[PDB]
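Protein chains in written order, with the authors' numbering: chain 4, 1 to 39, 45 to 54, 60 to 70; chain o, 1 to 120; chain k, 1 to 320; chain J, 1 to 175; chain L, 552 to 606; chain K, 1 to 98; chain x, 1 to 49; chain V, 86 to 101, 109 to 140; chain N, 1 to 347; chain A, 1 to 36, 42 to 115.
Just so it is clear, CB atoms sit at the ideal spot from N, CA and C, and this is done for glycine as well.
One structure is given below, encoded as structure tokens.
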Amino acid sequence: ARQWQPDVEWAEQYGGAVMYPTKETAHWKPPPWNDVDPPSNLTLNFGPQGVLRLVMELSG
Amino acid sequence: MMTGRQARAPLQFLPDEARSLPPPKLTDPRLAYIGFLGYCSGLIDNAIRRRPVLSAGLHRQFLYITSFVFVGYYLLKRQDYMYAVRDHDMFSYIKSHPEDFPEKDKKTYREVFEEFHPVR
Amino acid sequence: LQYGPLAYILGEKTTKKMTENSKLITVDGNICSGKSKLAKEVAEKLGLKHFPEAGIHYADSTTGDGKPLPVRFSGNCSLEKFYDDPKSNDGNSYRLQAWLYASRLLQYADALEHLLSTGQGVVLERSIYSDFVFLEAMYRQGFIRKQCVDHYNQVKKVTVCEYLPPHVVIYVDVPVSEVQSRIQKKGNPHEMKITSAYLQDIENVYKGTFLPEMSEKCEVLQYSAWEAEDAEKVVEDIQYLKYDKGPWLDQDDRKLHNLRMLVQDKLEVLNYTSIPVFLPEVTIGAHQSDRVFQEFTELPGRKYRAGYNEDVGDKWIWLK
Amino acid sequence: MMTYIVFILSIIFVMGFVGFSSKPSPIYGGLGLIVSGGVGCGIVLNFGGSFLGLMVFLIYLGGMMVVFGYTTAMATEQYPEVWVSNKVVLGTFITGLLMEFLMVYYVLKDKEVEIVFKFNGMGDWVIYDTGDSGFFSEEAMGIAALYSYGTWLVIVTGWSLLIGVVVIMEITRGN
Amino acid sequence: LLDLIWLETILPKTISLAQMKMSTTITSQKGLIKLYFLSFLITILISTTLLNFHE
Amino acid sequence: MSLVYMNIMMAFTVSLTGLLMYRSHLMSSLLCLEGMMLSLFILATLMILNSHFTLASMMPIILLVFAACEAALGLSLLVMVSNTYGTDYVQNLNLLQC
Amino acid sequence: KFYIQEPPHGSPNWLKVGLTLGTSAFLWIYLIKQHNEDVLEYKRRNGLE
Amino acid sequence: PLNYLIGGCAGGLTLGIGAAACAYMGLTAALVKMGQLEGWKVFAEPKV
Amino acid sequence: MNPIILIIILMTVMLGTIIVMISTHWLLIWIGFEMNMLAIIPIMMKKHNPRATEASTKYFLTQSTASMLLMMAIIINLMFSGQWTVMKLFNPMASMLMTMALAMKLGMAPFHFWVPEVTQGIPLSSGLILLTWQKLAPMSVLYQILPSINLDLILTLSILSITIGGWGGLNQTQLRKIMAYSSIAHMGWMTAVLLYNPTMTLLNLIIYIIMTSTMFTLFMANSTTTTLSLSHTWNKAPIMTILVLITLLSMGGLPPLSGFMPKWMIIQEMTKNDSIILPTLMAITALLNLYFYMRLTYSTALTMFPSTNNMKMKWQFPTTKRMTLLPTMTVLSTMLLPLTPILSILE
Amino acid sequence: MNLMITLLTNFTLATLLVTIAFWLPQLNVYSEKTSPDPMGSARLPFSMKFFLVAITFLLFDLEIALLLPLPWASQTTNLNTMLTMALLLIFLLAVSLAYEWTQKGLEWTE
Ligand SMILES: CCCCCCCCCCCCCCCCCC(=O)OC[C@H](COP(=O)(O)OCCN)OC(=O)CCCCCCCCCCCCCCCCC
Ligand SMILES: Nc1ncnc2c1ncn2[C@@H]1O[C@H](COP(=O)(O)O)[C@@H](O)[C@H]1O
């Protein structure tokens, strides 16, 4: 009645990974907002090769 | 185009021969337009940092105007110099090749026949 | 700014002020655990700057004249209306929770900025690391929807990864019976409408989800209702810790310079709180946002940048 | 036969890149590039470029391809291959390399001599010993002039190597 | 019929249909670096042999 | 033109075609790129020694040093890729499609 | 006072304002001197006196 | 020009979408014919 | 990153471009490109996330291939000329290789396939450097070798760059990929007028860098990376709302704005040389750029507005960000058209 | 020529000793043995430190490649420039070493 300012359905169709969702572009999710993406150590067995076995959680 | 002219004396913003040309007046409309661009940059600078646009930073607006006029004066000097070099090279090449630039015999319209196309 | 990369060049290194007392300590507990006195007690024993709990009007207290603004400009949400109807139509639950998450994010930014600009430690009450424990406890009560939990996890995933965990997490064990005893003895007529299972789910997400994941990234100190009454035992537990876990140990001047440049830029701290993920509890239309913004501009001291308001008595404006 | 030797090495050089531009593995790719570096170094050394050939060995092969094999060996998780007794573990290697030299000798056929004999270089190509030079390798003194004449070149090269150290230490940090 | 359909079909909408089909055949790249350098080599083998741009 | 120069150019184009058709790995790309650098070294060296142009003899070493430093940079990039995915596969490098 | 925290621009930075006005006045007086020297050089090279 | 307009529409009927490709290829072949007549240069030599 | 190391690396980027700009020798051209790439690789990895490593890997591969093709062109020039002056090339094979290599360094189509990726992977200031400062050195080499550049090849690359940078801007909500396809289209515009008047090449370059720098400075001032995130600018900083969009109305090429200054002048130099069809087609494709970028303008100044409630908190904090030269660059990217004959300073 | 003959003879003696070392105990019909170490089925974790010392080798090896023509450059006429550039290259190698020092690059293999 006053001046047309949108529905939210108009704003949601200017989002996503692509403007126009085609068949190959429908599964493309949008990238993260801060542009970062969600991404152990070595374990040796010094065996009997006195005598002693050593299980080593080594970190480099 | 004219890079062979600025190849025997490189990186000269204003050559010495540019001093043989009249400088722009300080009431140049182009220079006053560049000062208007300085005033616009001052108003946009006070607008984008949420300052009172006409009131705040009068020294800052004065330096915007002064800096644009200061750079624009030398830009107008270099503009006038480059178009003077363009016309000087044009006139020297016209004078040095008369056979490539003949004087066309100007015929009056009492000799020139034009096909009349009636409009009806 | 006042602090920048040139200050880092000219020698203002923020490990020079990092002493053994420079500790960020977050006191956590249930709704009426009575920890609000205890944290203040720590602030008068360790010499730390106490920050109170971030309510609706924290950002109002940090800026302007420091007074709380009217609710339409700050929050557009009420704590007492959540106490009255948690399952309300207009969605005051997630709207109040998201505004509290943004207020606690500004509190945590002020905490790290004080700790890195002074070298004086900060005692916080219910920081951003202990905020989802209300949200989950709301979602276990049906007070919000699953899409609200998705929106909050999005905001938390893009905001909490930029920061460090606190040094000491002081947790208070108070069971649901004594919590209800203190709520009924408190006298707030709205707060007494809190159900039992909501407090139980707060305590469950405290004990089963919050504290085990805080146990790897920092050191927690856990107290009951009566041994948290003594401040000296808490301070003796804090001072005789051996800080050995967490990413505070591999912090040189470069990482802490990046963090201090991050937290002083308040719009970069509060950037991803208002991501354009359209959820009906937080989505405001164009006419309402326009009207509230134009009413915000005519508030005293809010028309310009802070040193530039003639209505509140700013001089020398034509030379600034 | 002996005259065309540089040309022969160049043919092997081309075949060497077909060893690894078809890309059987990064490890066999490094092996083929090492063999190609050796034969291209032979091409360089047979024009009197002794210092430049030793820069191929010392800096390209022994300096950089060591690092390529080192970084490759810190990736591309290995798996065993055929390990029967000596009729497979070395006999197939010798028959395969004999077929490789068979392929080297096999390309010098009638489609090659129409290019070799119509455009005979050996007889008039290798002209580095055209007259006398004196008591000095001209190539050695040209490399020696890097310090007297190449002041700007050494400045921008050493600055690029210092910036290379700084750039590697900044991007390989993760923080 | 003529303005709301046909002259609305030929001038503003079948041309925009052509541009959106051409862009969705352009902007549908999978991001594979293999296919990008494969298209670069398609460029090299078209231009260096057939198109004769080295002459 | 000449013959052995045509051979070194043939090697350059063969390693270019290997550099323009990726199979599996990023190390294969860096190896084809450094085979290209090797062929540039060989061809520059044969030209500079052929003409007896003395001052350019420092040029292939320059052409080595920078480009070898370039290869070092490439190796470091590969390593960071192999610290994110565990492999140096080029098909893990496809997050920038959107 | 009105503000709960001191703004970075509550007071005029007199060093910055002084350098601003001094640099602007320097550009004005140097511009005027350059224009006077240019019109003198023009009248000396082309003889308009 | 008209004959290559017919040829462009003939290439457009074997393209499909039909009438649009008819008109587009007809106008394009018309421009090819008019470039052959009036000497229109697409990759024009730099002359001034 | 250590700020002293940042200053050293940025001066090394500037030093590599300056070494390409001032050198009379081909080895120093190649050295300056190598120095420029080697120094700009940590600028992309300022944030240390996997998208920056992917972007830097793609950038390294493309720029390294272009550097080796440049050195092959230099080597073939030393065959057929025996010399090293940065001047015209003395073999059209070396001319074609150097034109292809400089088109790869600029990201001109069909070597454009790295430009929207890498600009997506990196921050806004590094994308600003990649789309403004990294154009200056290959355009300088193209300025210095234009008596050998093949006409048909540079026009093919120019119109293919303008068409692909046009049809790349449809399907995008990312601001950085839209700036990348605008980059590709404008490089087609610059290399269209190169063999006719390279002063208009430098005019188009300077106006493009001013408009791109204004747009990236606005994107850094608002910290918005997508169209949908740009759509909240009207409620946070309303003065930021229109300046982005009058600058983008300039970037389309639209009078009376100064972004109409390059393209018109380019047409003004191509109708002199009797090419009427080619600037007509290229500027129809520029109208297609106006089509998609005007749709983005409708997105921000109009329909898709609505806000979220946390924006109310951002009203209590001004921008403490350095908006360096942003009023100056916003005035210089719109109101420069009445000073259009200033272009004679670029001769 | 003599060098190629010498390399070929060294390669032939090497391949002959390897061939004798493989084929002489494979005369034996000893036993075909079965049933195939500190890891059994573990993958290789990457180590950043080994790659840092490899790239440090490569960059200082390039700086050594620049330093190699010094016994020839001592014979030049412009000895002041030659001495300045020699000291400048070794000083830049030392500055690269000091930057490798202070940014903890030489740690846990110091
Ligand atoms: C014939 C002509 C010859 C050539 C003429 C000259 C050509 C100049 C081309 C300029 C290209 C500049 C590219 C950007 C500057 C380079 C360094 C840089 O990126 O500085 C920006 C700086 C980075 O700060 P940072 O902390 O990294 O911000 C990211 C968020 N943390 O800070 C920021 O991000 C703050 C935000 C504002 C940055 C604005 C920078 C604008 C610089 C360009 C001005 C316009 C171009 C010069 C004038 C016209 C000439 C073309
Ligand atoms: N989900 C929630 N429900 C009720 N109160 C909450 C919630 N999340 C945070 N709070 C805050 O926690 C406070 C209770 O702590 P206290 O000040 O100790 O009574 C309330 O006044 C709210 O400001």
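Check: Could you name the residues of the same chain whose beta carbon sits closer than 6 Å to that of residue 127 (chain N), not counting the 5 residues immediately before and after it, in chain order?; Outcome: 119, 176
Check: In the structure shown, what three-state DSSP assignment does residue 257 (chain k) receive?; Outcome: helix
Check: Ordered along the chain, which non-local residues of its own chain (more than five positions away) have a Cβ less than 6 Å from that of residue 161 (chain N)?; Outcome: 108, 109, 184, 187, 188
Check: Chain 4 partners of residue 522 (chain L), CB-CB under 8 Å?; Outcome: The structure shown does not extend to residue 522 (chain L), since chain L is modelled only from 552 through 606, so no value can be given for it.
Check: Identify, in the order they occur along the chain, each residue of the same chain with its Cβ nearer than 8 Å to the Cβ of residue 139 (chain o), setting aside the five sequence neighbours on each side.; Outcome: Outside the shown range of chain o (1 to 120) lies residue 139 (chain o), about which nothing can therefore be said.
Check: Cutting at 7 Å between CB atoms, please list the residues of its own chain near residue 51 (chain N), excluding the five before and the five after it.; Outcome: 121
Check: Using only the heavy atoms of ligand 2, determine whether one of them is closer than 7 Å to the beta carbon of residue 134 (chain k).; Outcome: yes
Check: Excluding five sequence neighbours on each side, which residues of the same chain lie with their C-beta closer than 8 Å to the C-beta of residue 195 (chain k)?; Outcome: 141
Check: Just checking, does the region 270 to 286 of chain N make contact with the region 155 to 174 of chain N on the three C-beta pairs under 8 Å criterion?; Outcome: yes
Check: Examine the Cβ distances between the region 85 to 102 of chain J and the region 277 to 290 of chain k and report whether three or more of them are shorter than 8 Å.; Outcome: no
Check: Residues in the same chain with beta-carbon distance under 7 Å from residue 193 (chain k), minus the five sequence neighbours each way, listed in chain order, please.; Outcome: 83, 84
Check: DSSP on residue 91 (chain K), reduced to helix/strand/coil?; Outcome: helix
Check: Going by C-alpha distance, which of 199 (chain k), 93 (chain k), 136 (chain k) is nearest residue 180 (chain k)?; Outcome: 199 (chain k)
Check: Anything in chain k within Cβ reach of residue 319 (chain N), meaning under 7 Å, just list it in chain order.; Outcome: 267
Check: Kindly indicate which three-state DSSP category residue 50 (chain k) falls into: helix, strand or coil?; Outcome: strand
Check: Under 8 Å: do the region 309 to 324 of chain N and the region 11 to 22 of chain o share three or more Cβ pairs, one atom per stretch?; Outcome: no
Check: So residue 53 (chain k) and residue 145 (chain k) are in contact, right, with Cβ under 8 Å, and what is the actual spacing, rounded?; Outcome: Going by Cβ atoms, the distance from residue 53 (chain k) to residue 145 (chain k) rounds to 26 Å, so no, they are not a contact pair.
Check: For residue 299 (chain N), which option in 10 (chain 4), 2 (chain 4), 3 (chain 4) has the closest C-alpha, if you only look at C-alpha atoms?; Outcome: 10 (chain 4)
Check: Within 8 Å, do at least three Cβ pairs link the region 3 to 17 of chain N to the region 36 to 53 of chain K?; Outcome: no
Check: Closest Cβ-Cβ distance between residue 359 (chain N) and chain L: below 8 Å?; Outcome: Chain N is shown only over 1 to 347; residue 359 (chain N) falls outside these bounds and no answer can be derived.
Check: The beta strand (DSSP E) spanning residue 37 (chain N) covers which residue range?; Outcome: No beta strand (DSSP E) holds residue 37 (chain N); the alpha helix (DSSP H) holding it covers 26 to 44.
Check: For a contact defined as C-beta to C-beta under 8 Å, what are the partners of residue 588 (chain L) on chain K?; Outcome: 19, 20, 21, 22
Check: Classify residue 152 (chain N) as helix, strand or coil using the three-state DSSP reduction.; Outcome: helix
Check: So, at 7 Å on beta carbons, what are the nonlocal neighbours of residue 73 (chain o) in its own chain, with the 5 sequence-adjacent residues on each side left out?; Outcome: 24, 31
Check: Does the distance between the C-beta of residue 86 (chain V) and the nearest non-hydrogen atom of ligand 1 fall short of 7 Å?; Outcome: no
Check: Between residue 55 (chain k) and ligand 2, is the CB less than 7 Å from at least one heavy atom?; Outcome: yes
Check: Under the three-state reduction of DSSP, which class applies to residue 192 (chain k): helix, strand or coil?; Outcome: helix
Check: Got a sec, what are the start and stop residues for the beta strand (DSSP E) residue 50 (chain 4) sits in?; Outcome: 47 to 51
Check: With the cut-off set at 8 Å, would you say residue 214 (chain N) and residue 329 (chain N) are in Cβ contact?; Outcome: yes
Check: Give the interface partners of residue 50 (chain N) over in chain 4, defined as CB-CB distance under 7 Å, in chain order.; Outcome: 37
Check: Can you tell me which of the three DSSP states residue 28 (chain k) falls into?; Outcome: strand
Check: DSSP three-state call for residue 68 (chain 4): helix, strand or coil?; Outcome: strand
Check: Taking 7 Å as the cut-off, does the CB of residue 330 (chain N) come closer than this to any heavy atom belonging to ligand 1?; Outcome: no
Check: What does the alpha-carbon distance come out to for the pair residue 100 (chain k) and residue 58 (chain N)?; Outcome: 42 Å
Check: May I ask you to check if the CB of residue 123 (chain N) is nearer than 7 Å to at least one heavy atom of ligand 1?; Outcome: yes
Check: I need the straight-line Cα distance from residue 68 (chain 4) to residue 58 (chain A), nearest angstrom please.; Outcome: 20 Å
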